[PDB]
Amino acid sequence: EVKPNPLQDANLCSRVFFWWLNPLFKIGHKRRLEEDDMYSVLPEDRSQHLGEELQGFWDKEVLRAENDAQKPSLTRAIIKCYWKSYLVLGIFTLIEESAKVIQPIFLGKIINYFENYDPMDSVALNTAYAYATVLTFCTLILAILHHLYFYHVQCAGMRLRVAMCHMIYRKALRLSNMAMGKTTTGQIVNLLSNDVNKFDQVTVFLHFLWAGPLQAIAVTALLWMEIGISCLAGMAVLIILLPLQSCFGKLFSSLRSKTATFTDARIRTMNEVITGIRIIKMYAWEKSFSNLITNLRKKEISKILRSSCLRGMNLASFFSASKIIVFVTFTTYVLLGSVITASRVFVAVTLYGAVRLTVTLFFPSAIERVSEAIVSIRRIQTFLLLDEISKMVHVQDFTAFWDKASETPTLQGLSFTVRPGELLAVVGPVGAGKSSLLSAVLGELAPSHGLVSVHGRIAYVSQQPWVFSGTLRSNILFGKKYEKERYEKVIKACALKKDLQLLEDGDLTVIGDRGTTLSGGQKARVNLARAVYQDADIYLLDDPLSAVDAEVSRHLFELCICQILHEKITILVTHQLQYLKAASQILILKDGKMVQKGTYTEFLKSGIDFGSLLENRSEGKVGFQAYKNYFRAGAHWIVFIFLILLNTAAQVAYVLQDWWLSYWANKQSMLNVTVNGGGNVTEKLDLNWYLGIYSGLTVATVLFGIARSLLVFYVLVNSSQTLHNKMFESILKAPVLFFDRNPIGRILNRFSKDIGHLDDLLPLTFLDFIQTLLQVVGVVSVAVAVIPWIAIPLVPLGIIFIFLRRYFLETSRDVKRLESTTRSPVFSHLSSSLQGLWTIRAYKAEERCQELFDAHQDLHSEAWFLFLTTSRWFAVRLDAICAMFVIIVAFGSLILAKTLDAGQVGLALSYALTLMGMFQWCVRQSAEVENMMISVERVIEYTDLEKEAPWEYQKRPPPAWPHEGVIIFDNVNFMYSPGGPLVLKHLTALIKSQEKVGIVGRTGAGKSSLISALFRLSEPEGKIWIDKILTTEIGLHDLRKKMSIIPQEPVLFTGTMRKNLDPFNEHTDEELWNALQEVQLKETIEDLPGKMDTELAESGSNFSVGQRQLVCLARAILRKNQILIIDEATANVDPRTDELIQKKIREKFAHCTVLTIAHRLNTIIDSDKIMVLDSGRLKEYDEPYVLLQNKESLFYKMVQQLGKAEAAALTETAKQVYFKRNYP
Ligand SMILES: CCCCC[C@H](O)/C=C\[C@H]1[C@H](O)CC(=O)[C@@H]1CCCCCCC(=O)O
C-alpha cells in the first residue's frame, strides 16, 4: 500500500470545497512534481474490476441478443451499466437548472424594490434584504454544484474510458489469424486514441441534451407571463440562428479542408526539399523552389483568409446576437404601446442572454459529442465482432489452408518424428512454408484436416524480436523464479559480458521499447535468452542470428545448442551449409510438399545441391519581446493604435447601449410617476427619437465589433505570413551546419506543429481572450461607475486572484507535462504487445500483459484525475471569488439605496451576475495563449538565425570564368566546427591541365572528410584557389555548381520534367532532345503520353536506380561542365548499367579535367595522378609509377587485401594504361 490516497477519510465539507489539495500544491509549488509524488486512484477506480464487469455486461447482452435472433448493441449495455450513476447526477442537473432559472426571478424582485422604495418602510427593506440573501445563497450553491457535477461527470467518463480501453485490449489479445491479418496496429492505435477519448467529453453534455429544452421552455413561459407576447420575435431569431450557424460551420469546415490539403502539399514539398537540401544548395535551384513555395503559400493563404473572415463574421454574430435580440424584443414591446419598467427589462435581457448562451454553446456541442460517441461506439462494436481464437511431435498429412479465398491446398506432406537429442534443420526458398509449420505446431493455424499431437509446454520464437517495457532481469526471466544455474548459463552462453561492461547497471536498468537504445544484435540476444530461459521440451526457432555477426553466432550456437538444448526437441530452420554439421535430420520443402525424410548423409549422397534453392522549453511566462515581434511583424504602430481604438470604441458602445437602456427605463418610470402623482397634463415621450437612438447605437456597436474582429484576424494572418516568409528566407540562406546538427524530424515538427497552431488555434483563441478581457473590464468599469466604493476591495481581491492563479499554474504545468509524458508509454506498450501476439498466444501468459496494461491505464487515469481535480479546485476558487465580489457589490448597493436608482442597481447586478464562468474562461484562454506562444517564440528564434556569406557580391564574374578549372592545394583543410576536431593537415599538390586526375580514399578513414573538403559546403580552413584566383568573393552557387553529384540519394524531383532537368530552361528544347537521345532516355518514357509534362512521384515509386543515374549524367552534360566527380557508385547499382555508364562517362568526358574520386581500386586505373591519403595527410601526388614501383607503400597492401585475382587484373590494367600513355 504505497502512495496512500487522500480524500478517502474526508468529510462532506472538505469534499465539496476541494480542501484536500493543500499538501500536493504545497509540494508542487516548492519543487518539481515527479511520478512518485502522485496520489493513487480510488478503490472503485481500478481498471480490473471495471473492465471485468463491463465485459460481463457485454457478453450477457450479446447472448441475450443472439438467443432471440437480433443484432447486439453496446450502447444498451453502457446504459444498463451506468444508469445508476447517470440518474443520480440528473437530479443535481435539474436542481441546478431550476436554480439558474429562478435566479433572474429573485433578481427582478430585488430590482423592483428600488422602484417603490420608501425610506420609512421597514417591510420593504426586510423583503429586499431577504431576497438579497436568497440570491447570494442560490448563487453560491450554483457555483458549488456546477463544479461538483462537472467533476463527477469527468470521473465517470474517465472510468468509462478506462473500462472500454480495457475491454478493447482484452478482445485484441484474443484475435485469430484472420482477425490479425484484417486489422493493422495503426487501426487499434487511432481507436484507443479517439473512441475512448470522446467518452470523457460526451458525458459532459449527455444530460444537457435534455436539460436544454426544459430550461428553454421554462424561461419562455416566464418571459411570457412577465412581459406578454413580445417574446415571439426573440424566439424566432433564436430559432433561425441555428441553421445560419450550421451553414456557417459547414462552409468553415469546407474551407478548413481546402487549406489543409494545400498545407499537406506544402509540408510534403518542404520535407522533400529539406531532406536533400544539399542537392538544391549545390545546383543553386533555390529560385524556382522559392517561386513554387510562395505560389503554394499564396494559394493556401487565400482560402485561409476566406476562412478567417468567415470565422470572424460568425464570432461577431455570436457576440451581437444578444444585443440584436434585446433590441428587436424591446422595439416590438414599445410598438405595442406599453410602459418600460427597469425590473422587467433587466429580467428580459438576463433571460435572453442566458437562453442565447445555452442554445449556442450546449446544444450544438451536445449534438456533435453525442454523434461522435455513437460513431465511436459503433466502430468499437464492429471491431469486437471479429473472429476470435479457439513429449514428441507426430503428424499425418495435416493439410490446412492459409488463403481461404483459393481453396487449393498451400502446403501438404506433414510426417515428422523426432527423438530426444536430435537437431533438425530446415531450408527453403521464399514462400516455402516454414511459417505455416511454425504456426501449425503452436496451434495458430486453424485445424481443417489432419492431426496435431504435441505434449508439454511449447514456446514460439518469431522471426522478428518482441519485448515489452520494464526492466531487463524480469524481462529475461519472464516473472519466474530467479534461479542461479539457469540464469548464469543463459547469461554466459549469450555473449552478454560485453553488453554488461558497456551497460549501466546490468539487468536492473529501465529499457524502453521501439529500439530507442538497443540495436538488432543485442535484441536478438535477449530474445533468444528469454526463449531458452524457460527450458521447455520442444523448441522451434526461426534464424535468431540474422542481425548478428557470423563467428559470434557460431560461438553462441556451440555454447547453447549442445549444452542446454542438447536434450531438448529442436527443429531449427537453417539458411545454407554453414549450419549442416551437427544436424541429424533435415527437411526440405518443395512447392508445398516433401519427398522423403532421412539423415543429412542420405540426402547428401543422393546428389542434392542447394545451389538451385539459393526540448528545453522556457519555464514560466514568455517574455514581452516575442509578443512585440509578433505584433510588429504584421502590423505597424499606427495599425496597433487603430485596432486598440476600435476595440475601445466597440466596448464603449456595448456599455452605452445598456446605459441608455437603463436611462430610458428611468425616464419612463419618472414620466409614469409624474403623470400618476397628481399630474393632469400628460407628456408622452417621443418614441421615434428613442427608437432611432437605440437602433443607431445597436448598428454602431455591431459594425464596431465586426470591424475590430476583421482587423484582428487580418493583422494576425499577416503576422503569421510574415513570420513564415522570414523563417523560409532565413533557413534557405542558412548553412548546412544547421541541417546537420538539427535532424530532419525536428525541422519537420517545427514546420508542421507551429504553423498549424499559428494558422488555426492562435487567432481564434487570441481574439476570444481579448473580447472576454474587454467584457470583464467593461463590467468592472460599470460597477465602479455605479458604486465608487467598489474600487476599495479591488486591490486585495486582485492580488489574491493573481497569487492564486500563479500558485495553480505552477502545479498545473508540471501536471500537464506528467500527463503528456505518461500517455504515450501506454500506446507504445499496446503497439509492442500487438506486434508479438504470436508469442503471447503461444506462451499462454496473457495475464502478465493484461496486468501491465492495467497498471499503465491506472497510472494514466491517476494523472488525468489529478489534472481534473486541480482544474476543478481552481474553478471552485475562481467562482467563489466571483460570488464574494457579487455579494459585496449587492450589499454595497442595497445599503446606499438612497443615492441609487432602480436602473443603476439593476444594471450593476446584471453585469455582476455575468462574471461567473466568464472569468474562468478568460483565465483559461490567457493560459492557452501563453502556452501556445512558445510556437511564436521558436518561429522568431528561427527567424533570427545567423546567415552565411551572401550568394553574389558586387563584383560580377566574367561570362568566361571559370575557363580552365585549375585548383591549387595550399594548406587547405575542412572544419566541422569552429575550434573543434581536425584530421586533415598540410595538403599540398599540383593538378594537371584538362586531363584525368584521381583522388583515392578508404572507408571510415577520410570518407566524410573528403566529401566535406572537396564539396566545400561550409567555410573551410585555409585559402582556396580556382585558377589561382581568390575564393572569398562569390558564394556557393556560381562556384560549386560545376560538380556532378553521385551520392546514395539519386535525382528526386516532383513535377514536370522541365523543372526536374532545368527549372529555368534558359536553352531551347533541341539540345535537351539531343542530350536525352544521347543518354538513351526517351525509349523508357515512350510508354506514357506525358513526354514533357508528366506527373512524377518522389522516393522512386516507379523509377529504378538505372534511369535515375542516366538522367543525372544527362543533366551533368547539359550543365556544360568542365569538372566531373564520381564516387561510391558501387552500392545500389546493377552491373550491366554500371559498366555501361562507366564506358559512356569514360569515352565522353575525355576533353577536360575530371576529378574522379577513387572509392574502389579498378576505376582509378584510368586516371593519371593519385595521392594516397592517410590520417589526413598525403605522401606523394604523381603518376601511379611511384606507387607501383615502391613496395612498402600501402597501395600494395590494399592490392593484396582486395584479392589475388583482382590484384592481377588491376596490375594488368595499370601496365596496359601506362603502355598506351607513354608510347602510343
Ligand atoms: C454563464 C455561463 C457559465 C459557464 C461559462 C461559459 O463558458 C461562458 C463563457 C463564454 C464566453 O463568454 C464566450 C465563450 O465561448 C464561453 C463559452 C465557451 C465554452 C464553454 C464550455 C466549455 C467548452 O466549450 O469546452
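**Digging into the overall build of the protein**
- If you tally the helices and strands in the protein, you get 38 helices and 12 strands.
- Referenced to the eigenvectors of the C-alpha coordinate spread, the extents of the protein come out at roughly 135 × 85 × 60 Å.
- When the accessible area of the protein is evaluated, it comes to approximately 63000 Å², of which 61% is carbon and sulfur surface.
- Taken as two groups, the 131 positive and 120 negative side-chain charges of the protein have centres that lie 1 Å from each other.

**Observations regarding the pattern of salt bridges**
- Taken as a whole and assessed by the stated rule, the structure comprises 31 salt bridges.
- The residue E930 makes a salt bridge to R805 at a minimum N-O spacing of 3.5 Å. A residue pair is termed long-range when its members are at least 10 positions apart, and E930 in helix α29 (residues 918-943) and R805 in helix α25 (residues 794-835) qualify at 125 residues.
- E930 sits in the partly exposed class, given a relative accessible area of 22%.
- The class for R805 is buried, based on a relative accessible area of 14%.

**Describing the packing of helix α9 (residues 231-275) against helix α11 (residues 286-336)**
- The interhelical angle for the contact between α9 and α11, taken along N-to-C directions, is 165 degrees, at an axis separation of 9 Å. Relative to α11, α9 is oriented roughly antiparallel. In terms of crossing hand, the pair formed by α9 and α11 is left-handed.
- In terms of residue class, the contact of α9 with α11 is made up of 21 nonpolar, nine polar and eight charged.

**Considerations on the domain arrangement of the protein**
- Under the domain assignment used here, the protein contains domain 1 (32-206 + 788-895), domain 2 (423-604) and domain 3 (994-1017 + 1037-1222).
- Using C-alpha coordinates to define each centre, domain 2 is positioned 45 Å away from domain 3.

**Description of unusual backbone geometry**
- The omega angle of the peptide bond from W961 to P962 is 0 degrees, so this bond is cis rather than trans.
- Within the secondary structure layout, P962 lies in the loop between α29 and β7 (967-968).
- Phi angles above zero are rare outside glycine, and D535 is one such case at about 55 degrees.
- Mapped onto the fold, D535 is located in the loop between α17 (520-532) and β3 (538-542).
- On the basis of relative accessibility, which here comes to 26%, the residue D535 falls in the partly exposed class.

**Some points on the nonpolar core**
- Core analysis: the biggest nonpolar cluster contains 93 residues, and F114 and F330 have the highest contact counts within it.
- Considering every element that reaches this core, the biggest residue donor is helix α27 (residues 846-895), with 13 residues.
- Once residues within four sequence positions are removed from consideration, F330 is found in contact with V345, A348, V349, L661 and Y694.
- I280, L723, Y942 and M1043 belong to the second largest nonpolar core, which has 79 residues in total.

**Some words on the site of the ligand**
- Every residue near the ligand is listed here: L357, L361, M916, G917, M918 and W921.
- Here the ligand loses 61% of its free accessible area of 580 Å² to cover by the protein chains.
- At the level of elements, α12 (342-384) and α29 are the ones that each hand at least two residues to the shell around the ligand.
- Its residues placed into classes, the shell around the ligand shows five nonpolar, one polar and no charged.

**Focus: the packing of aromatic side chains**
- Summed over the entire model, instances satisfying the criterion amount to 42 aromatic pairs.
- Ring plane angle 85 degrees and centroid distance 5.5 Å describe the contact between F18 and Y151, whose orientation is recorded as edge-to-face. Placement of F18 in the loop between α1 (12-17) and α2 (22-30) and of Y151 in helix α5 (residues 122-172) is noted, with a sequence separation of 133 residues between them.
- A residue is classified by how much of its surface remains accessible, and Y151, at 11% relative accessible area, is buried.
- Among the aromatic residues, ring-to-ring pairing joins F25, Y807, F808, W873 and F874 into one connected group.
- Just above the ring of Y283 sits the side chain of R1119; from NZ or CZ to the centre is 5.1 Å.

Thresholds, definitions, all that
- Residues numbered from 1 in each chain as written, not as in the entry; some residues may be left out.
- Heavy atoms only, no water.
- Helix = DSSP H or I, 4+ residues; strand = E, 2+ residues; numbered from the N terminus.
- Areas by Shrake-Rupley, 256 points an atom, 1.4 Å probe, with all protein chains shown as cover.
- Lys, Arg positive; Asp, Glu negative; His and termini not counted.
- Charge placed at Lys NZ, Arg CZ, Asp CG, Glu CD.
- Salt bridge = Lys/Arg side-chain N within 4 Å of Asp/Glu carboxyl O.
- Buried < 20%, exposed > 50% of the residue type's maximum accessible area, 1.4 Å probe, protein only.
- Axes fitted to C-alpha atoms, helices over the stretch in contact; angles between N-to-C directions.
- Parallel < 35°, antiparallel > 145°, perpendicular 65-115°, else oblique.
- Left-handed = near helix turned anticlockwise from the far one by under 90°.
- Nonpolar A, V, L, I, M, F, W, Y, C, P; charged D, E, K, R; others polar.
- Domains from an automatic or database assignment.
- Core = buried A, V, L, I, M, F, W, Y, C linked by side-chain atoms within 4.5 Å.
- Contact = heavy atoms within 4.5 Å.
- Near = heavy atom within 4 Å.
- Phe/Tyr/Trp six-rings, centres within 6.5 Å; stacked < 30°, edge-to-face > 60°.
- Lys NZ or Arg CZ within 6 Å of the ring centre and 35° of its normal.

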